[PDB]
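Now for the letters of each chain:
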Number of protein chains: 4
Amino acid sequence: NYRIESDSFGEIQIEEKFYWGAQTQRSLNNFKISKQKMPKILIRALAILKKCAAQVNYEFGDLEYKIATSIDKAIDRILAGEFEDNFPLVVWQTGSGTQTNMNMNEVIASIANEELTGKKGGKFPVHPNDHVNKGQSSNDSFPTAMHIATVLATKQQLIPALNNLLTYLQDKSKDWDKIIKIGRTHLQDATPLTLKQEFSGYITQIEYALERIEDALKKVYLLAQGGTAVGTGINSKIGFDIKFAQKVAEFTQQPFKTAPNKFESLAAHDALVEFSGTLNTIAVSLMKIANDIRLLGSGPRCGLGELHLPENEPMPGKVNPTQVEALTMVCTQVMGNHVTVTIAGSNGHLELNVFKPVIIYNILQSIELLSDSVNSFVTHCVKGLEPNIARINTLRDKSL
Amino acid sequence: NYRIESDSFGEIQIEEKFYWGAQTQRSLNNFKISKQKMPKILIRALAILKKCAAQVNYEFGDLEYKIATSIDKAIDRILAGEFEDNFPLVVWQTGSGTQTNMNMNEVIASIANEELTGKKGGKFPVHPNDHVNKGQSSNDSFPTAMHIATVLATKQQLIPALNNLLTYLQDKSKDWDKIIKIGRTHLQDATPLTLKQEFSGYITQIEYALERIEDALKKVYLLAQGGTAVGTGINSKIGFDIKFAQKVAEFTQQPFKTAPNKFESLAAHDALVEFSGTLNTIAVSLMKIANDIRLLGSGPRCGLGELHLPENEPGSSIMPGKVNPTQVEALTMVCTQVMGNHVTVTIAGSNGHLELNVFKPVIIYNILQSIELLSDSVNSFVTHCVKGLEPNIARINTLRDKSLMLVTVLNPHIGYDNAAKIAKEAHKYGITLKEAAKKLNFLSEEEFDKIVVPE
Amino acid sequence: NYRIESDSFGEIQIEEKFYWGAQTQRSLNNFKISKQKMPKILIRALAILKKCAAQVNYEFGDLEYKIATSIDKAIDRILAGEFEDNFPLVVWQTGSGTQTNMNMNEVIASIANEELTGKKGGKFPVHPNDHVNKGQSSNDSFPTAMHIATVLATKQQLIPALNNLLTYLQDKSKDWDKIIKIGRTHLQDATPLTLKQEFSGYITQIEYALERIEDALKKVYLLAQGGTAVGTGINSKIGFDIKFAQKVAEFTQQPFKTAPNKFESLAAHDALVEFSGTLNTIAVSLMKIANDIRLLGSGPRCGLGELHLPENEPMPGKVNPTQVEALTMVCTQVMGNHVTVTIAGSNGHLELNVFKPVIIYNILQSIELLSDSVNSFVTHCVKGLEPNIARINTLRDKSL
Amino acid sequence: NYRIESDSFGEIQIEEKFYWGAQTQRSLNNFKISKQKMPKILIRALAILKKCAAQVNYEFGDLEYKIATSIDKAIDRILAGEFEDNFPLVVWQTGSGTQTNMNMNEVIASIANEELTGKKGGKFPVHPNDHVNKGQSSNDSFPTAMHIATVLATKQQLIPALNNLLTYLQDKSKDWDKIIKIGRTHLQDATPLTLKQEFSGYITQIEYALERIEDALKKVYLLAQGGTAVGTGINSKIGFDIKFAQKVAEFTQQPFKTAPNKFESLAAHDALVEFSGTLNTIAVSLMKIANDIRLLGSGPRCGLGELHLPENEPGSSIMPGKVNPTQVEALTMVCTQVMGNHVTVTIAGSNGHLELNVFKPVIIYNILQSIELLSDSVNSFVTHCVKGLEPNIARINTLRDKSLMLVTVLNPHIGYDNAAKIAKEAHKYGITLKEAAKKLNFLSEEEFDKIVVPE
Ligand code: NA
Ligand code: NA
């Protein structure tokens, strides 16, 4: 039931049914720190990275045809979800992500070797380092995967989620221009505005959130691949950085390019600190929008009672704004995640920032929580918001 | 493969092999927000809570023998680990934890009903709300679970890990009193201290971490159970609060009591915000300790090189033979996670409204994560780094003698003027202070090392 | 109009009317970073430190009688507020506080020299380093002053302020047990509780805040003095640490003692990070209390309207809960101050944490803002809170 | 020595030499909360605001010639710096900034009334609310001032300081291309890079800081003025908003416009929260740069020793001759202050209620402080550290040759096996790779240095 693998530290046992190699197993044994594995979309991004690197390596004459093709077939299968069991390493590993890099290197080599020899594992004929990792360091590969992942998640999770919110905020309030409600400043009675007008503030906040995302992504399109170990490009052929980036742009259909200065790309993660800053602003916007709805839906008899919130689950008969609670909790999570990203980003030393996994784990969590909670909020709260017109009219007609 | 269940809102389908009910399945369908489930030890805390509440209810005559005994047996199976598949709800739910409370209520009833009738699910003979949740709200139950879980995790994970680090810091540095290294202030050359003395700082930081936890636990021992919906204790018999706390104290063997003021326990989580603050401080201490070990072991040739860190894996694919301080990296990364987790807890804690703070799941999720991560990573750091740390004594000595600031250790022993002559001679010929001491016939190489000792 | 002073870097000009010396002026010229000077109470604490050190030095036989007496007279005058013009250095200086240490050393020497020779300044007969700073480093003196200051401010500003709040929360609500109001969970109508009961939550929060302060001060009583440059005590006579601490305990009438491990005292500021943690919890408590009052006083016609807040200043006739706004802003300040203290505390290197001035500036600001805002809040809001009983009764009698 | 004034609440005394009125003195007596006054540049912004609002009002025919001209002349004297004593109110006031708005309204009226009548104070001929505050609320005025001040400070303090740092990073490192130092990853010995290349990272961080500011300013150019109380623009004539923005654009020479949606501008300060986020990133960049320079200049003998930092003062009283990297300490301390200031702004920004975010003073206070501190400290760091940085070239070379990881730079030039023999020889005899290269007749001391160059 076991296979033996090795590296420069010696022999090590791996359970036969798993495709990973000596360094993954070594990491798996030595870092028994909680159960948070690397996010699926990061693994996906890392797989895309190896795919594109292999193609460039092949085109440069540096890989045998059968090895390049076997690596490519092997990676296509990972992208289809066939080896989700085979990336067991935790986030809390080496700060450069070396081990997760080797996790991808070894699994690809292993699948390819099973195709070519009939048996998985090992370094023949496909070597994890000399073929799958050819011309790469973890120091430039892991940041490249961090940026690919961030872009993919933002374009697939967050931007649609915000557009879903924008659309329903627009559609619901289109005809609330006839509803004249009483404004509150300091929570004290103020002068009148329409309910549509009040909701137009929220619409502006979300529109502006979408604009901030576009500006924050500009540096996240820029990829470190080609800097190798310390930023100089040692062991990377001239042109690799540019051709790799074009390859990733073509597969993702996103405008990726190479980072003009690779030293800045390795030594720091300022792009992601800035990006996390935009996530934080979005958290602030949503906290305000959700809090107002909580407040306007308070009651039914001893609150404000201007809005009726959909009732989705069960002091019997009492129904709570549960979606607002889920969303406002996520907002507080994102704000704390941002402080972690800040502090980790500030702790770079010379040629390398070695806080990379904690940074990307927090970025990707914030994107996913914001997207999922907003979509839930729209479906189970915003879509069925109705104003209580008689209540709004009574409140207005009492104002001094 | 499906069973039908019902609540106030109507009919709903549950996959047959699972034990939860209608309200849990409803929540499962309505809060599809990522993948972060309630932590194992919080579910455990909540089960313990229900076991004790059912026994007190039974003592008050408010549960029949058949029902109280089956509830108790069902809960023991959950505490045995037999139903870890049956708590699927995410953290990002209602802010009171109602759905997770009800998840526990339904699963207990369901296990009991299978035992009594042969078929799982439903509300007869055992009813989730009327029996399992009798005399309880989620408003007082969930805060009770939060504190039980915090105490359990702190005592089972955190205190043992810090003591593990303490013991090995003490053991490893016992005989480092004769290793005389150079002090660095502002990262600039300073005067000497023993390697042991430098480690004594770290030891003190961990001893103080342990004291801080004991003070931080004081209010976490106090339980909300009995406040019910708003804190008034309506639908709760006089004495239930005290008798429930006693039971939990017996089962856990921890000094749990009831909170004097139930309103404070529902409306806020200041106790967990204070506790998070202590976790924050521990993160700050560990960051300093781990950073020093990394800095002291930097090299092997182009850095400081005073400590040899155990080499556990290959550090690089391009540069073979390179070994990195990977355990320090995992620990310092965790430290940054705890610092951020603390801000989340702070902000959530500050957003209470009137009778209830409804940010409860996110608060307890961060507290428990911070505890697990500090504990797991400290344990790993000890096993794979502290255990095998060795000083590079020859390198430590070389560096000590390079310091020009040794002059001020020489002043009281050799005289102010004479030390000045040595330091002048060392600048002119470009030699060490030791070599200049021997050159001018003031002090041998052995007499020089004795004066330099801290004393 | 100028006097010339010097140090090992050479000669430097000081305006004649000022008492400080070469190193203070040098710092004053080289760190032109905003206008935040060291807090008054820190300077005060540093002056107390030099007073007690001199007395111990004198008792050990290490100072001439006339110098010890002149130093003591000189310091008594600083404590009386006579040289508030003479500590111009900014917080954003060397991270060990050396320059502010020399600021105190030089000014004391200067005043003493004016007494003894008729002219201020210089190092004769009282030398800033060899007499006023005898047996001291900035590395152990500045942490000692940080802890003295924190204790003094907490005992003189914060503890009385919280007791003032506790007392008035108690007195105002004593007879609110007859007022039956409707409870709100999730801001939805709930079951009843008395107004006194609701206020008893707030009373508990403040009581518990007072208990947390006592626990957090335990390590802040422990003083670094005697560790000198790197923690070893080089150039400090045996017994100095203990006798100094007793001297400070006697002058302040507070239970100060020496730090058992001086290395921990220099290398880190974990005591203050923990203390700042308690300030943060207090900020959280007060934010809740103040927010509820904002909410319960909302109206007069379109809010909850359960409480009447005092009207202290001027949509004419509209009066806002201005004291609650001041207080809740301070709370957000304290929470951010706490993150600065955290991050700075985490950045220690080997024998010394060199973020000391930013840490103490934030600690002392949080104490002063919390105290002043709470006292203001009590005087201009809590003292005159009255319930609107008819409104409370109407709301209750509408509950489902 | 006193003058009497009045408002809705009654009679109140003001010291005679000051120009403020009844509402300012009331606020002065009721908010005795520490000492933190409104920043100079925010007061200036608010004056500019009133100058432009009065001119637009006059153009609409809603101020008489006498009154508009005297208002304009009074404001110019405030912008000249003639009344810096007359704005005593603390930051910790009402959350809308009403009292500071009224401080400006009263002082302008008072200066104008002295000019027109000979006696300062009061509300005739110039009335604080009816003339100086005409068509304005504090709800739209204070946010307008916040953005004007942020733009002014960013353009006058921050952008110049970052450009100053940029210019000197470029100038100092121009000819450091021939200095070949060793790279460190995980603080472990790695492969070489030029000193210039290492500095190129820092240069990139600052160039990107400047781009980030330009994007962050986009929404700060947009002004609330015209929304009045709740955002509807009641008591504001159509066109006032556009014409006010134009005037401010003319006076400042900055591209200010009116905010399309006034409700968003009153109810929140997301734009300043986003801007704070950019300041945060700049703090993170500077922390890395300053920390590296400190680490590279550590020593002078027992650390890294690659850079010589200019020595500006004595570092110690016990250890004479010790010099500390004091400018790096002041800058990194400021960085921690900005990071905390950002959390305050984030939390304050998140506590808006309906039509108004009433945490405005604390938000703008932190933003402006962060800008001033980053600017002042970067400027000082350049003058007193970056300007005079020199590499210690002999030390840089020594360290480079100690690296065992040079082997991988030798592989493509000398062959894999041959480099292995050199590294084996270097381990056996305990020498450098260069000495072992010459020993085995593979490579001279000059040919070795050429292969090592990054290329
Ligand atoms: Na987090
Ligand atoms: Na601050």
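Residues numbered from 1 in each chain as written, not as in the entry; some residues may be left out. Chains lettered and ligands numbered in written order. Heavy atoms only, no water. Residues with missing side-chain atoms left out of burial classes, pairs and counts.

The deposited coordinates derive from X-ray crystallography, with the record listing a resolution of 2.40 Å.

A word on the packing of aromatic side chains. In the structure shown here, the tally under the stated rule is 32 aromatic pairs over all chains. Ring geometry for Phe240(D) and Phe244(D): centres 6.2 Å apart, planes at 20 degrees, overall stacked. Of this pair, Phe240(D) and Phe244(D) both sit in helix α8 (residues 240–252), 4 residues apart, which is roughly one turn of that helix. The two residues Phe240(D) and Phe244(D) agree in class, both being buried. Grouping aromatic residues by their ring pairs yields a cluster made of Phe60(A), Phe240(A) and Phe244(A). The ring centre of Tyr208(D) lies 4.2 Å from the NZ or CZ of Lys219(A), which sits over that ring. (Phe/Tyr/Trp six-rings, centres within 6.5 Å; stacked < 30°, edge-to-face > 60°. Helix = DSSP H or I, 4+ residues; strand = E, 2+ residues; numbered from the N terminus. Buried < 20%, exposed > 50% of the residue type's maximum accessible area, 1.4 Å probe, protein only. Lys NZ or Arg CZ within 6 Å of the ring centre and 35° of its normal.)

Glancing now at the interface of chain A and chain B. Tallying the contact residues gives 69 residues for chain A and 63 residues for chain B. Linking chain A to chain B there are 1 salt bridge. Of the charged contacts in the structure, one is a salt bridge between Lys35(B) and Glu368(A), with a shortest N-O distance of 3.1 Å. Here chain A and chain B share 21 residue pairs in polar contact between them. In terms of residue class, the side of chain A that touches chain B is made up of 24 nonpolar, 34 polar and 11 charged. (Contact = heavy atoms within 4.5 Å. Salt bridge = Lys/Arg side-chain N within 4 Å of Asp/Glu carboxyl O. Polar contact = N/O pair within 3.5 Å; in protein donor to acceptor, adjacent residues only side chain to side chain. Nonpolar A, V, L, I, M, F, W, Y, C, P; charged D, E, K, R; others polar.)

Quick look at helix α3 (residues 65–79) of chain C now. All names here are of chain C. With 15 residues, α3 ought to run about 21 Å at 1.5 Å a step, and its terminal C-alpha atoms sit 21 Å apart, in line with that. Among the residues of α3, those classed as buried are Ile67, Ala68, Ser70, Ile71, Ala74, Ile75, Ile78 and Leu79. Positive backbone phi, at 95 degrees, marks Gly81, one or two positions downstream of α3. (Expected span 1.5 Å × (residues − 1).)

Glancing now at the interface of chain C and chain D. Counting from both sides, the interface comprises 69 residues of chain C and, opposite them, 63 residues of chain D. Buried surface at the junction of chain C and chain D, both sides included, amounts to about 5,000 Å², of which 62% is carbon and sulfur. Here chain C and chain D share 1 salt bridge between them. Linking chain C with chain D are 21 residue pairs in polar contact, by the criterion used here. Every element with two or more residues in the side of chain C that touches chain D is listed here: α1 (22–30), α4 (98–117), α10 (270–296), α11 (322–345) and α12 (356–382) of chain C. At 16 residues, the largest contribution of residues to the side of chain C that touches chain D is made by α11(C). Class assignment for the residues of the side of chain C that touches chain D results in 24 nonpolar, 34 polar and 11 charged. (Buried area = accessible area lost by both parts, 1.4 Å probe.)

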